[PDB]
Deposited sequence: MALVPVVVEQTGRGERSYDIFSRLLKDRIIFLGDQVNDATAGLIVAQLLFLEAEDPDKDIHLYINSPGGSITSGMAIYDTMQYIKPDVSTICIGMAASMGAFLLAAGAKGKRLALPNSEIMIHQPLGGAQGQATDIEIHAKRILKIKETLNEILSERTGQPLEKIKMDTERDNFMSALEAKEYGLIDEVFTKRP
């Protein structure tokens, strides 16, 4: 990792209120994101946050920790998609402050329904099946309110993997802008 009185390259950009989610969503990365989000709020509760997203998704609970923290903190959290934002990556992309959700022209967006599993007694399988169904309905209702789409349309569009271009994600309502240059 490159260094820059001697920061590292990712902490030097943290001074410019830039955070990177360029990895899978899990308890380790989401812990760093939350810690960076909380810290940047304590530094300045009104200056915007710039969260670059290049993530294929991951753990739903880890992602909801990022989501709720983004809404919990005072600063607007602008989200920029580079490369790919899929599943919980795309969800956190659509969760940025409305009007400041960007994506570069060749970035890949993908939304789908939750993934999970359950093995054991039939009773425990039902308990976990109902849990992931509530999570699916919760995420759909949040996606609908953040894109403007009707709830039933989000349902049909997330049953299977749904790949979109940056322009298609803008018209759909997942992002607000598609910039090639500044």
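- Missing from the model relative to the deposited sequence are positions 1-3, 8-15, 194 (no C-alpha coordinates, numbering from 1).
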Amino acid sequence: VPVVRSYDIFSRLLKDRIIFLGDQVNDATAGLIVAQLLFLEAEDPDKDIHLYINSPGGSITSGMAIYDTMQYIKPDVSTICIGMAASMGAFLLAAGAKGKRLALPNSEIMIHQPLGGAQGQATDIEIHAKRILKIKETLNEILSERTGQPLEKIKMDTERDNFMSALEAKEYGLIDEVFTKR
From here on, numbers count along this sequence of modelled residues.
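- Mean CA temperature factor is higher for 67-75 when stretches 67-75 and 86-94 are set side by side in the entry.
- Across the two stretches, 51-59 and 112-120, the PDB entry reports the greater mean Cα temperature factor for 112-120.
- In the PDB entry, a CA B factor belonging to the middle third of its chain's modelled residues is recorded for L38.
- Ranked against the other modelled residues of its chain, the C-alpha B-factor of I154 as given in the entry falls in the highest third.
- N162 sits in the lowest third of its chain by CA B factor, as recorded in the PDB entry.
- Ranked by C-alpha B-factor against the other modelled residues of its chain, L102 falls in the middle third.
- Per-chain ranking of the deposited C-alpha B factor places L21 in the lowest third.
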